[PDB]
Amino acid sequence: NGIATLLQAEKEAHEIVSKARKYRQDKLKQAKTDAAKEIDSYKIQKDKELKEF
Amino acid sequence: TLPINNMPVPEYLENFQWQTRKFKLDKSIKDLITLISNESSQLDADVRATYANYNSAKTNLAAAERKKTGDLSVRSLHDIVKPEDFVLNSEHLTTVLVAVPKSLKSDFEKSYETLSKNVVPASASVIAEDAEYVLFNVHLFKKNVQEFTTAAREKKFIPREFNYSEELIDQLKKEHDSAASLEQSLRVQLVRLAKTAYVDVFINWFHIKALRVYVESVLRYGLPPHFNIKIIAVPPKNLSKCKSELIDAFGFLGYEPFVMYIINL
Amino acid sequence: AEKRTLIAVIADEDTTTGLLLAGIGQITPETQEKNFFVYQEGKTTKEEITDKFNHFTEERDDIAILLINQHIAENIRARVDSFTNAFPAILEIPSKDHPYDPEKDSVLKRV
Amino acid sequence: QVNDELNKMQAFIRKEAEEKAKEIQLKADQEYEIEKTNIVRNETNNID
Amino acid sequence: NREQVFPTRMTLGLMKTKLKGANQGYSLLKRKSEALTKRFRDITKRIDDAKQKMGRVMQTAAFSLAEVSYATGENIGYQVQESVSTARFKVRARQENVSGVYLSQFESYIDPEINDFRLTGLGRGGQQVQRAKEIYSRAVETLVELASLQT
């Protein structure tokens with residue numbers, strides 16, 4: 001009957017919701033990694049100063 | 001419990017010797033009357049409460065038997081609503097599983113397919129078709145389940161907690177067994193209480209009768225009473241003649257002037 | 001505790017009325033709530049009954065003895081069994097057309 | 001029709017979850033900005 | 001299976017004394033468990049008896065309340081709910097020392113500030129409502145006793 005179609009659309013959209021959250025969460029993990037890369041440059045600059053000392 | 005035929009109540013009537021438990025010997029007449037009346041009234045109240053509890057247990061057992069009889073209005077919800085028609089494994093969907101007679105079931109199904117939000121009338125299907133057991137199953141919204149149930153109740157339809165491939169049947173069987181056990185235990189308790197009460201309340205009643213006889217004797221013949229308190233057990237075929245003879249004999253003391261009491265127990 | 005001096009009833013309407021006549025509980029002026037949380041077994045909801053029982057048996061409630069009718073406590077039997085704390089105590093009061101059964105006593109089941 | 005009503009309910013159910021999909025992505029997007037400063041600042045302190 | 005105690009004559013004496021103490025504690029706690037389980041059996045018997053008593057008292061009190069309601073012509077539920085401003089029946093916890101454990105046992109207490117009854121303003125069945133109030137007061141006392149037993 002039509003009940004299966006009603007549930008399938010909600011189930012299909014729910015799966016996309018989890019994928020959207022997972023992709024956004026993955027981007028958050030990537031953003032932290034990218035931010036740490038900028039911090040690593042400061043550590044690299046500090047290391048060069050330590051080498052100069 | 002001792003059988004009623006072996007109850008010694010007439011044997012006690014043959015003696016009527018007052019005991020210390022029913023009334024203290026040194027207690028005052030008013031105090032003894034109050035104590036005996038209170039104790040016997042408490043016993044009667046306990047007997048009445050036990051009888052009421054036994055009646056309630058019997059009513060519960062009858063309800064369980066009616067549920068097990070197969071009438072879809074009280075039968076297992078598994079067969080009342082078809083698993084396919086009932087909404088399952090869906091967070092946004094729910095079932096009604098209303099039970100009602102043919103006209104009432106049709107009205108409830110129409111209301112569920114119309115009034116309930118996300119009704120999806122194509123999912124409506126009746127799993128039972130008897131005259132008073134024409135219960136039908138629908139797949140409405142999860143939030144609209146309460147509204148559908150309320151509409152069915154207004155439409156003289158009783159919903160049920162239908163569940164597909166669940167332990168509902170086992171739970172119902174266990175509940176019926178527990179109700180039967182509780183009814184049996186309550187019946188045993190009521191039988192024991194009645195067997196004890198038919199003796200205790202009778203003994204208290206005879207103590208009250210003896211105290212009233214003594215009070216009447218001291219009121220009529222003065223103090224000290226010195227009255228020949230006697231109990232006469234007339235045969236059933238000559239109760240009226242015995243009463244007439246007693247009334248005639250009591251005329252020398254001049255209701256009759258002499259203290260006379262009639263007991264049919 | 002000193003604050004525990006209060007009796008809570010979650011039984012049926014008739015039992016709640018009788019115990020209120022007995023004078024079990026009081027309406028809190030600050031919380032605007034009373035211990036006589038009358039709730040019919042057929043009315044309200046099982047979730048509402050469970051929430052009321054949790055509020056009365058937790059959240060630093062002042063109830064010393066929680067009074068739940070056997071009929072209403074049967075529907076929340078899972079929560080009754082979960083309430084394994086020594087205090088507040090719980091009792092299965094008989095209800096009209098619903099006598100108390102020893103099998104339904106959660107606390108007596110520990111024997 | 002009965003099928004049309006069920007199809008309409010399917011779209012509404014899908015639309016409701018679609019709104020949650022945007023909310024889930026938006027909430028995690030805000031966390032990405034927070035994560036851009038959190039931990040990374042702690043990492044710099046460890047690097048320091 | 002064995003402790004890491006360094007073997008010495010002093011350590012041997014200390015561990016032998018520890019074994020003697022542990023054996024004495026084992027005997028003492030076994031006897032304590034025996035005494036407390038005898039008391040537990042007694043408490044279970046009293047719980048069953050009080051459960052039967054409660055089953056009787058609830059039925060008789062409900063009958064009294066129903067009779068009072070019939071005499072008054074209406075349910076006293078609304079009046080009882082309206083008169084719920086103050087509590088007239090309270091339970092004070094007492095840490096009665098039974099055997100070797102401080103088991104908490106409830107003691108019922110009452111106050112005169114909440115003496116108001118639902119029969120006020122009813123206009124009918126005042127004696128019946130008072131009798132029902134007294135019956136339910138006795139019932140509440142019985143339930144406080146049973147609650148102390150159960151705790």
# chains A, B, ... in the order shown; residues from 1 in each chain; ligands from 1

$ interface_residues --of "chain B" --to "chain C" --cutoff "10 Å" --atoms "only C-alpha atoms" --output "MDAnalysis selection string"
chainID B and resid 52:60 178:179 181:183 185:186

$ write_last_selection --atoms "N, CA and C atoms" --output "tab-separated table (two decimals), in the first residue's frame"
chain	number	residue	atom	x	y	z
B	52	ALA	N	-15.71	-8.67	49.57
B	52	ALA	CA	-15.56	-7.71	48.48
B	52	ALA	C	-14.30	-8.00	47.67
B	53	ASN	N	-13.20	-8.33	48.34
B	53	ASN	CA	-11.96	-8.65	47.63
B	53	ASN	C	-12.12	-9.91	46.80
B	54	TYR	N	-12.81	-10.92	47.34
B	54	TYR	CA	-13.06	-12.13	46.57
B	54	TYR	C	-13.94	-11.84	45.36
B	55	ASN	N	-14.94	-10.97	45.52
B	55	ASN	CA	-15.78	-10.59	44.39
B	55	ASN	C	-14.97	-9.87	43.32
B	56	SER	N	-14.07	-8.97	43.74
B	56	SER	CA	-13.23	-8.27	42.78
B	56	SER	C	-12.31	-9.24	42.05
B	57	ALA	N	-11.74	-10.21	42.77
B	57	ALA	CA	-10.88	-11.20	42.13
B	57	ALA	C	-11.67	-12.06	41.15
B	58	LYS	N	-12.90	-12.42	41.51
B	58	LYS	CA	-13.74	-13.18	40.59
B	58	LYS	C	-14.08	-12.37	39.35
B	59	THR	N	-14.32	-11.07	39.52
B	59	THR	CA	-14.57	-10.20	38.38
B	59	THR	C	-13.35	-10.13	37.47
B	60	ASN	N	-12.16	-10.02	38.06
B	60	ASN	CA	-10.94	-10.01	37.27
B	60	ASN	C	-10.75	-11.32	36.52
B	178	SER	N	-1.62	-15.30	36.38
B	178	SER	CA	-1.44	-14.56	37.63
B	178	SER	C	-2.78	-14.13	38.22
B	179	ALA	N	-3.71	-13.70	37.36
B	179	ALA	CA	-5.03	-13.32	37.84
B	179	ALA	C	-5.76	-14.52	38.43
B	181	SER	N	-4.35	-17.17	39.79
B	181	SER	CA	-3.71	-17.49	41.06
B	181	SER	C	-4.13	-16.53	42.16
B	182	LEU	N	-4.19	-15.23	41.84
B	182	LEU	CA	-4.62	-14.25	42.83
B	182	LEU	C	-6.07	-14.47	43.23
B	183	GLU	N	-6.93	-14.81	42.26
B	183	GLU	CA	-8.32	-15.10	42.58
B	183	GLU	C	-8.44	-16.32	43.49
B	185	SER	N	-6.13	-17.44	45.59
B	185	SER	CA	-5.63	-17.08	46.91
B	185	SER	C	-6.64	-16.23	47.68
B	186	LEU	N	-7.27	-15.27	46.99
B	186	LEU	CA	-8.28	-14.44	47.64
B	186	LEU	C	-9.48	-15.27	48.06

$ interface_residues --of "chain B" --to "chain D" --cutoff "8 Å" --atoms "only C-alpha atoms" --output "list in words"
residues 92, 118, 119, 120, 121 and 122 of chain B

$ interface_residues --of "chain C" --to "chain E" --cutoff "9 Å" --atoms "only C-alpha atoms" --output "number ranges by chain"
C: 1-2, 4-7, 13-29, 34-36, 64-65, 86-91, 93-96, 99-100, 102, 107-108, 111

$ closest_residue --among "B:262, B:115, B:93, B:215" --to "chain A" --atoms "only C-alpha atoms"
B:93

$ select_by_dssp --residues "chain C" --states "helix (DSSP H, G or I)" --output "MDAnalysis selection string"
chainID C and resid 2:4 13:22 46:57 70:75 77:82 102:104 108:110

$ interface_residues --of "chain B" --to "chain E" --cutoff "7 Å" --atoms "only C-alpha atoms" --output "count of residues only"
4

$ interface_residues --of "chain B" --to "chain A" --cutoff "12 Å" --atoms "only C-alpha atoms" --output "PyMOL selection string"
chain B and resi 84-95+118-125+138-142

$ interface_residues --of "chain D" --to "chain A" --cutoff "7 Å" --atoms "only C-alpha atoms" --output "MDAnalysis selection string"
chainID D and resid 3 6:7 9:11 13:14 17:18 20:21 24:25 28:29 31:32 35:36 40 44 47:48

$ write_last_selection --atoms "N, CA, C and O atoms" --output "compact mmCIF listing (two decimals), in the first residue's frame"
# COMPACT_ATOMS: atom_id res chain seq x y z
N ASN D 3 -3.64 6.80 -2.85
CA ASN D 3 -2.22 6.80 -3.21
C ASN D 3 -1.66 8.22 -3.22
O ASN D 3 -0.52 8.45 -2.80
N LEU D 6 -1.03 9.33 0.36
CA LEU D 6 0.17 8.69 0.89
C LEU D 6 1.43 9.31 0.29
O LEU D 6 2.43 9.49 0.99
N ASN D 7 1.40 9.62 -1.01
CA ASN D 7 2.54 10.29 -1.63
C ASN D 7 2.77 11.67 -1.03
O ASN D 7 3.92 12.08 -0.82
N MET D 9 1.99 12.49 2.04
CA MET D 9 2.57 12.21 3.35
C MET D 9 4.04 11.82 3.23
O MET D 9 4.84 12.15 4.11
N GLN D 10 4.41 11.12 2.16
CA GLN D 10 5.82 10.77 1.95
C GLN D 10 6.67 12.02 1.78
O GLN D 10 7.77 12.11 2.34
N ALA D 11 6.19 12.99 1.00
CA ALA D 11 6.94 14.23 0.81
C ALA D 11 7.07 15.00 2.12
O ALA D 11 8.14 15.53 2.43
N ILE D 13 6.98 13.77 5.18
CA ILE D 13 7.91 13.04 6.03
C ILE D 13 9.35 13.26 5.57
O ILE D 13 10.25 13.48 6.38
N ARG D 14 9.57 13.20 4.25
CA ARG D 14 10.91 13.47 3.72
C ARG D 14 11.32 14.91 3.96
O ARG D 14 12.49 15.19 4.28
N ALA D 17 12.47 15.38 7.62
CA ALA D 17 13.84 14.91 7.83
C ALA D 17 14.85 15.77 7.08
O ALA D 17 16.00 15.88 7.51
N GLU D 18 14.44 16.37 5.96
CA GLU D 18 15.33 17.28 5.24
C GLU D 18 15.65 18.51 6.08
O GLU D 18 16.79 19.00 6.06
N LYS D 20 15.78 18.56 9.35
CA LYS D 20 16.75 18.07 10.32
C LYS D 20 18.12 17.88 9.68
O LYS D 20 19.15 18.06 10.35
N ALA D 21 18.16 17.51 8.39
CA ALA D 21 19.44 17.37 7.70
C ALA D 21 20.18 18.70 7.64
O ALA D 21 21.39 18.76 7.88
N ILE D 24 21.32 19.55 11.21
CA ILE D 24 22.48 18.75 11.60
C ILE D 24 23.74 19.29 10.95
O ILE D 24 24.79 19.43 11.59
N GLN D 25 23.67 19.60 9.65
CA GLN D 25 24.82 20.17 8.96
C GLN D 25 25.17 21.55 9.51
O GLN D 25 26.35 21.87 9.69
N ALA D 28 26.81 21.20 13.01
CA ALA D 28 28.19 20.74 12.87
C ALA D 28 29.07 21.79 12.20
O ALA D 28 30.27 21.86 12.48
N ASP D 29 28.49 22.61 11.32
CA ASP D 29 29.26 23.69 10.71
C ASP D 29 29.71 24.70 11.76
O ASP D 29 30.83 25.21 11.71
N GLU D 31 30.27 23.92 14.85
CA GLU D 31 31.32 23.22 15.59
C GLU D 31 32.65 23.28 14.86
O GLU D 31 33.71 23.30 15.51
N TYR D 32 32.63 23.30 13.53
CA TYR D 32 33.87 23.38 12.77
C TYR D 32 34.61 24.69 13.05
O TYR D 32 35.84 24.70 13.19
N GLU D 35 35.96 24.20 16.48
CA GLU D 35 37.11 23.31 16.39
C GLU D 35 38.30 23.98 15.71
O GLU D 35 39.44 23.55 15.93
N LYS D 36 38.07 25.01 14.90
CA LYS D 36 39.17 25.74 14.28
C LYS D 36 40.02 26.46 15.31
O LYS D 36 41.21 26.68 15.07
N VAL D 40 43.38 23.27 18.48
CA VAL D 40 44.47 23.90 17.74
C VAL D 40 45.22 24.88 18.64
O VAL D 40 46.46 24.92 18.63
N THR D 44 49.05 24.49 19.90
CA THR D 44 50.07 25.53 19.90
C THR D 44 50.73 25.65 21.27
O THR D 44 51.95 25.85 21.37
N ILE D 47 53.01 22.87 21.44
CA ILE D 47 54.15 23.21 20.58
C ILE D 47 55.03 24.25 21.27
O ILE D 47 56.26 24.17 21.21
N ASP D 48 54.42 25.23 21.93
CA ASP D 48 55.19 26.24 22.65
C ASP D 48 55.99 25.61 23.78
O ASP D 48 57.15 25.99 24.02

$ atom_distance --atom1 "CA of residue 30 (chain C)" --atom2 "CA of residue 8 (chain C)"
17.4 Å

$ atom_distance --atom1 "CA of residue 76 (chain B)" --atom2 "CA of residue 169 (chain B)"
6.5 Å

$ select_by_dssp --residues "region 84-157 of chain B" --states "strand (DSSP E or B)" --output "tab-separated table (two decimals) with N, CA and C atoms, in the first residue's frame"
chain	number	residue	atom	x	y	z
B	93	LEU	N	5.39	6.82	11.96
B	93	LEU	CA	4.12	6.16	11.69
B	93	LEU	C	3.70	5.33	12.90
B	94	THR	N	2.39	5.13	13.02
B	94	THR	CA	1.83	4.36	14.13
B	94	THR	C	0.49	3.78	13.70
B	95	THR	N	0.02	2.81	14.48
B	95	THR	CA	-1.23	2.11	14.19
B	95	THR	C	-2.29	2.47	15.22
B	98	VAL	N	-8.19	-0.16	16.36
B	98	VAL	CA	-9.45	0.06	17.07
B	98	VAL	C	-10.36	-1.14	16.89
B	99	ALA	N	-11.06	-1.52	17.96
B	99	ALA	CA	-11.99	-2.64	17.95
B	99	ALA	C	-13.39	-2.12	18.22
B	125	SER	N	-6.87	-1.59	6.65
B	125	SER	CA	-7.28	-2.96	6.35
B	125	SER	C	-7.86	-3.59	7.61
B	126	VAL	N	-8.97	-4.30	7.46
B	126	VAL	CA	-9.62	-4.94	8.59
B	126	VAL	C	-9.11	-6.37	8.72
B	136	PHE	N	-10.66	-3.17	12.75
B	136	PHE	CA	-9.85	-2.88	11.59
B	136	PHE	C	-8.53	-2.24	12.04
B	137	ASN	N	-7.55	-2.28	11.14
B	137	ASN	CA	-6.22	-1.76	11.41
B	137	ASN	C	-5.88	-0.66	10.42
B	139	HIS	N	-2.75	2.65	9.56
B	139	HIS	CA	-1.36	3.09	9.72
B	139	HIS	C	-1.34	4.62	9.60
B	140	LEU	N	-1.53	5.29	10.73
B	140	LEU	CA	-1.53	6.74	10.79
B	140	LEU	C	-0.15	7.25	11.22
B	141	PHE	N	-0.05	8.56	11.44
B	141	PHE	CA	1.20	9.15	11.88
B	141	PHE	C	1.48	8.79	13.34

$ atom_distance --atom1 "CA of residue 80 (chain B)" --atom2 "CA of residue 97 (chain B)"
7.0 Å

$ residues_around --residues "residue 10 (chain C)" --least-positions-apart "3" --cutoff "7 Å" --atoms "only C-alpha atoms" --output "ChimeraX atom specification"
/C:36-39,67-69

$ write_last_selection --atoms "C-alpha atoms" --output "PDB file, in the first residue's frame"
ATOM      1  CA  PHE C  36      -1.739  14.189  45.849  1.00  0.00           C
ATOM      2  CA  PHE C  37      -0.892  13.752  42.163  1.00  0.00           C
ATOM      3  CA  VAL C  38      -4.207  12.160  41.240  1.00  0.00           C
ATOM      4  CA  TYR C  39      -3.964  10.332  37.917  1.00  0.00           C
ATOM      5  CA  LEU C  67       1.678   5.244  47.401  1.00  0.00           C
ATOM      6  CA  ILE C  68       0.926   3.702  44.000  1.00  0.00           C
ATOM      7  CA  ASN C  69      -2.194   1.678  43.283  1.00  0.00           C
TER       8      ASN C  69
END

$ decode --residues "region 122-145 of chain E" --atoms "N, CA and C atoms" --output "short mmCIF file (atom, residue, chain, number, x, y, z; two decimals), in the first residue's frame"
data_model
loop_
_atom_site.label_atom_id
_atom_site.label_comp_id
_atom_site.auth_asym_id
_atom_site.auth_seq_id
_atom_site.Cartn_x
_atom_site.Cartn_y
_atom_site.Cartn_z
N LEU E 122 -19.97 20.93 52.60
CA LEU E 122 -20.64 19.92 51.78
C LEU E 122 -22.15 20.02 51.91
N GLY E 123 -22.65 20.20 53.14
CA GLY E 123 -24.07 20.35 53.38
C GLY E 123 -24.84 19.06 53.55
N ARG E 124 -24.21 17.91 53.37
CA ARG E 124 -24.90 16.64 53.50
C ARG E 124 -23.90 15.55 53.85
N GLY E 125 -24.35 14.60 54.67
CA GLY E 125 -23.51 13.48 55.05
C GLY E 125 -22.27 13.86 55.84
N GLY E 126 -22.41 14.81 56.77
CA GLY E 126 -21.26 15.21 57.57
C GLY E 126 -20.73 14.10 58.45
N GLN E 127 -21.64 13.37 59.11
CA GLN E 127 -21.21 12.25 59.95
C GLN E 127 -20.55 11.16 59.12
N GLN E 128 -21.10 10.87 57.94
CA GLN E 128 -20.50 9.86 57.08
C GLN E 128 -19.12 10.28 56.60
N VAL E 129 -18.96 11.55 56.24
CA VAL E 129 -17.65 12.04 55.80
C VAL E 129 -16.65 12.00 56.94
N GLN E 130 -17.09 12.34 58.16
CA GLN E 130 -16.20 12.25 59.31
C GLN E 130 -15.78 10.81 59.58
N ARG E 131 -16.73 9.88 59.48
CA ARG E 131 -16.40 8.47 59.68
C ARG E 131 -15.41 7.98 58.63
N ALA E 132 -15.61 8.38 57.37
CA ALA E 132 -14.67 8.01 56.32
C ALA E 132 -13.30 8.61 56.56
N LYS E 133 -13.25 9.86 57.04
CA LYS E 133 -11.97 10.48 57.36
C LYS E 133 -11.26 9.72 58.47
N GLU E 134 -11.99 9.31 59.50
CA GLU E 134 -11.37 8.54 60.58
C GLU E 134 -10.88 7.18 60.08
N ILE E 135 -11.68 6.52 59.24
CA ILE E 135 -11.29 5.22 58.71
C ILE E 135 -10.03 5.34 57.87
N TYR E 136 -9.96 6.38 57.03
CA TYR E 136 -8.76 6.56 56.21
C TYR E 136 -7.58 7.03 57.04
N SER E 137 -7.81 7.71 58.17
CA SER E 137 -6.71 8.01 59.07
C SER E 137 -6.12 6.74 59.66
N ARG E 138 -6.98 5.82 60.10
CA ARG E 138 -6.50 4.52 60.57
C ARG E 138 -5.78 3.78 59.45
N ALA E 139 -6.30 3.87 58.23
CA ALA E 139 -5.67 3.23 57.08
C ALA E 139 -4.28 3.81 56.82
N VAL E 140 -4.15 5.13 56.90
CA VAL E 140 -2.85 5.76 56.69
C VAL E 140 -1.88 5.35 57.79
N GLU E 141 -2.37 5.21 59.02
CA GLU E 141 -1.50 4.71 60.09
C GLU E 141 -1.02 3.30 59.79
N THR E 142 -1.92 2.44 59.31
CA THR E 142 -1.52 1.07 58.97
C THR E 142 -0.50 1.06 57.84
N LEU E 143 -0.69 1.92 56.83
CA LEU E 143 0.27 1.99 55.73
C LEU E 143 1.61 2.57 56.17
N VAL E 144 1.62 3.51 57.11
CA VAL E 144 2.90 3.99 57.64
C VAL E 144 3.61 2.87 58.38
N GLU E 145 2.87 2.07 59.15
CA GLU E 145 3.49 0.92 59.81
C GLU E 145 4.05 -0.06 58.78
#
